[PDB]
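Chains as they are written, first to last, in the entry's author numbering: chain B, -3 to -1, 1 to 103; chain A, 1 to 103.
Quick reminder that beta carbons are idealized off the backbone N, C-alpha and C, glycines included.
Each remark here refers to the structure printed beneath this line.
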Ligand code: HEC
Ligand code: HEC
Ligand SMILES: C=CCCCCCCCCCO[C@@H]1O[C@H](CO)[C@@H](O[C@H]2O[C@H](CO)[C@@H](O)[C@H](O)[C@H]2O)[C@H](O)[C@H]1O
Ligand SMILES: C=CCCCCCCCCCO[C@@H]1O[C@H](CO)[C@@H](O[C@H]2O[C@H](CO)[C@@H](O)[C@H](O)[C@H]2O)[C@H](O)[C@H]1O
C-alpha cells in the first residue's frame, strides 16, 4: 500500500469505477455517489444522495488502508447480495432449511 | 430444526434454481440430490464455475450453514460487480490516485 502508477490510474478507475462514480468537485451523482473528498468527509455522507441502510452498520471513515479492504469486496456491503443466490441471514432459517434438505436430498 | 419451515424456505428461496429429487434436472444450479457427504462441484451432468476448485468442501451441516449465510460471495464476478479488485498491487495502485482526485 504505497504509491502506484498514474497513467494506469486513469485507466483502472475508468475501467472499474467511471460507470458508477464521478469525482471532480461538485461532480454529478450516478448509481453511486460522487467521491469528491471521500477522506475527511465521513463515510456515507454525500449530500444530494442518501445511501442504503448498510452505511448504518459499518461506518468509520476511509483512509489509505482500511478502504483498500472495501475494494476487495464492496458488494459484501450492498444489501440483498446475501439473499441473491439463496443467502439466509437467520441461523434458525439455515437450521430449518438444512433440516429439510438433509432428508429431501438423501 | 423445523423441516416443515425448511420445506417452505426451500420452495421460495432455492427451488427457482435447484431441484432435489433423485434424477431431478439441473437448472441454473445443479440438482442437489445426495449433496450431503459428497464434495462440492461433483453433481453429474453439471459443469460448475471454478469457485469450488480452490474452495472445495465435503458438505456437512456446519459448512452448509456457513455457505448458505452467503453463497453469492463464491459466484465469480460478484466481487468485481461493485468495484472489487483482486490483486493487492491494483488497489494500492488506484487508491493513491483516489487521494489525488479528491483534492
Ligand atoms: C456500480 C456497480 C459501482 C461500481 C462499478 C463501483 N461502485 Fe462504489 N458504490 C456504488 C454504490 C451504489 C455505492 C453506494 C452504496 C450504498 O450503501 O448506498 C457505492 C459506494 C462507494 C463508496 C462509499 C462512499 C461513501 O459516501 O462512503 C466508495 C468509496 C466507493 N463506492 C468507491 C468505489 C471505487 C473506488 C470503485 C472502483 C474500484 C467503485 N466504487 C466501483 C456503486 C459502484
Ligand atoms: C439461482 C439464483 C440460485 C438460487 C436461488 C440458489 N442457488 Fe444454490 N447454486 C446456484 C449455482 C449457479 C450454483 C453453482 C455455483 C458454482 O460455483 O458453479 C449453486 C450451488 C449450490 C450448492 C453447491 C452444489 C454442489 O456443490 O454440488 C448448494 C449446496 C446450493 N447451491 C444450495 C442452495 C440452497 C440450499 C439454496 C436456497 C437457500 C440455493 N442454493 C439457492 C444457484 C442458486
Ligand atoms: C456505502 C457503504 C459503505 C460501507 C462501509 C464498509 C467499510 C468496511 C471496510 C473494511 C473496514 O473494516 C475493518 O475490516 C473488517 C470488515 O468488517 C473488520 O473485521 C473483519 O475481519 C474478518 C476478515 O478477516 C471478517 O471475516 C469479519 O467479518 C470482520 O469482523 C474489521 O473489524 C474492520 O476494522
Ligand atoms: C459448488 C459451488 C460452491 C463452491 C464454494 C464452496 C464454499 C463453501 C465454504 C463455506 C465455509 O465453511 C467452512 O468449511 C470448512 C471446511 O469444510 C469447515 O471446517 C471445519 O469442518 C471440517 C471438517 O473436516 C474440518 O476442517 C474442521 O471441522 C473445521 O475446519 C468450517 O468450520 C466451515 O465454516
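Checklist entry - Which residues share a DSSP beta bridge with residue 39 (chain A)? => result In the second chain, residue 39 (chain A) corresponds to position 39, counting from 1. Paired residue(s): A:58.
Checklist entry - In whole angstroms, what is the alpha-carbon distance linking residue 51 (chain B) and residue 95 (chain B)? => result In the first chain, the residue the question calls residue 51 (chain B) occupies position 54. In the first chain, the residue the question calls residue 95 (chain B) occupies position 98. One alpha carbon belongs to residue 51 (chain B), the other to residue 95 (chain B), and they sit about 28 Å apart.
Next on the checklist: Does the beta-carbon of residue 25 (chain A), which I'm using as the reference point, lie nearer than 7 Å to any heavy atom of ligand 2?
Outcome noted: Indexing the second chain from 1 puts residue 25 (chain A) at position 25. Residue 25 (chain A) has its CB no nearer than 7 Å to any heavy atom of ligand 2.
Next on the checklist: Alpha carbons only, please: which of A:73, A:83, A:84 and A:80 is nearest the one belonging to residue 77 (chain B)?
Outcome noted: Sequence index remark: in the first chain, residue 77 (chain B) carries index 80 (1-based). Minimum Cα distance to residue 77 (chain B) is reached at A:73.
Item to check | Per-residue burial, residue 58 (chain A) [other beta carbons within 10 Å of its own, 16 or more giving buried] | outcome: On the second chain, residue 58 (chain A) is found 58 positions in, with the first residue counted as 1. Here residue 58 (chain A) is exposed: its Cβ has fewer than 16 other Cβ atoms, across all protein chains shown, within 10 Å.
Checklist entry - If we ignore side chains and look at the alpha-carbon of each, how far apart do residue 27 (chain B) and residue 87 (chain B) end up? => result For the purposes of this step, residue 27 (chain B) is taken as the residue at position 30 of the first chain. For the purposes of this step, residue 87 (chain B) is taken as the residue at position 90 of the first chain. Taking the straight line joining both Cα atoms gives about 33 Å.
Next on the checklist: So that I know if they touch, is there some Cβ in chain A lying closer than 8 Å to that of residue 103 (chain B)?
Outcome noted: The count along the first chain starts at 1 and reaches residue 103 (chain B) at position 106. Taking Cβ atoms only, chain A reaches closer than 8 Å to residue 103 (chain B), which makes this a yes.
Next on the checklist: Would residue 49 (chain A) and residue 91 (chain B) be called neighbours here (beta carbons separated by less than 8 Å)?
Outcome noted: Position 49 of the second chain, counted from the start, is the residue given in the question as residue 49 (chain A). Position 94 of the first chain, counted from the start, is the residue given in the question as residue 91 (chain B). In this structure, residue 91 (chain B) does not lie closer than 8 Å to residue 49 (chain A) by Cβ.
Next on the checklist: Using a 10 Å radius around the Cβ and a threshold of 16 neighbouring Cβ atoms, would you call residue 15 (chain B) buried or exposed?
Outcome noted: Taking the first residue of the first chain as 1, we reach residue 15 (chain B) at position 18. Label assigned to residue 15 (chain B): exposed.
Next on the checklist: I want to verify the contact list: residues of chain A whose CB lies under 7 Å from the CB of residue 57 (chain B), in sequence order.
Outcome noted: Within the first chain, the letter at position 60 stands for residue 57 (chain B). Per Cβ cutoff of 7 Å: no residues; residue 57 (chain B) is ~16 Å from chain A at best.
Checklist entry - Exposed or buried, which one is residue 46 (chain B) when buried takes at least 16 other CB atoms within 10 Å? => result Counting from one through the first chain, the residue named residue 46 (chain B) turns up at place 49. Exposed, by the Cβ-count rule.
Item to check | Within chain B, the residues that residue 71 (chain A) reaches when beta carbons sit closer than 9 Å | outcome: Walking along the second chain from the start, residue 71 (chain A) turns up at place 71. By Cβ distance, chain B contributes 79, 81, 82, 83 and 84.
Item to check | Members of the stretch 7 to 18 of chain A that neighbour chain B once the beta carbon cut-off is set at 7 Å | outcome: 7, 9, 10, 13 and 14
Next on the checklist: Going by beta-carbon coordinates alone, are residue 24 (chain A) and residue 31 (chain A) separated by less than 8 Å?
Outcome noted: Residue numbering aside, residue 24 (chain A) sits at position 24 when the second chain is read from its first letter. Residue numbering aside, residue 31 (chain A) sits at position 31 when the second chain is read from its first letter. Against a cut-off of 8 Å, the Cβ pair of residue 31 (chain A) and residue 24 (chain A) comes out as a contact.
Next on the checklist: Give me the residue from B:7, B:62, B:93 and B:44 with the minimum Cα distance to residue -2 (chain B).
Outcome noted: Taking the first residue of the first chain as 1, we reach residue -2 (chain B) at position 2. With distances taken between Cα atoms, residue -2 (chain B) lies closest to B:62.
Checklist entry - residue 6 (chain A) to residue 18 (chain A), Cα distance in whole Å? => result Position 6 of the second chain, counted from the first residue, corresponds to residue 6 (chain A). Position 18 of the second chain, counted from the first residue, corresponds to residue 18 (chain A). Residue 6 (chain A) and residue 18 (chain A): Cα-Cα distance of roughly 15 Å.
Item to check | First through last residue of the alpha helix (DSSP H) which encompasses residue 75 (chain A) | outcome: The sequence position of residue 75 (chain A) within the second chain is 75, counting from 1. Residue 75 (chain A) -> no alpha helix (DSSP H), and no H or E assigned at all.
Item to check | chain A contacts from the stretch 31 to 58 of chain B (Cβ-Cβ distance under 8 Å) | outcome: Under the 8 Å Cβ criterion, the stretch 31 to 58 of chain B contributes 32, 33, 34, 35 and 36.
Checklist entry - Can you name the start and end residues of the alpha helix (DSSP H) that residue 6 (chain B) belongs to? => result Against the first chain, residue 6 (chain B) aligns to sequence position 9. Element bounds for residue 6 (chain B): 4 to 13.
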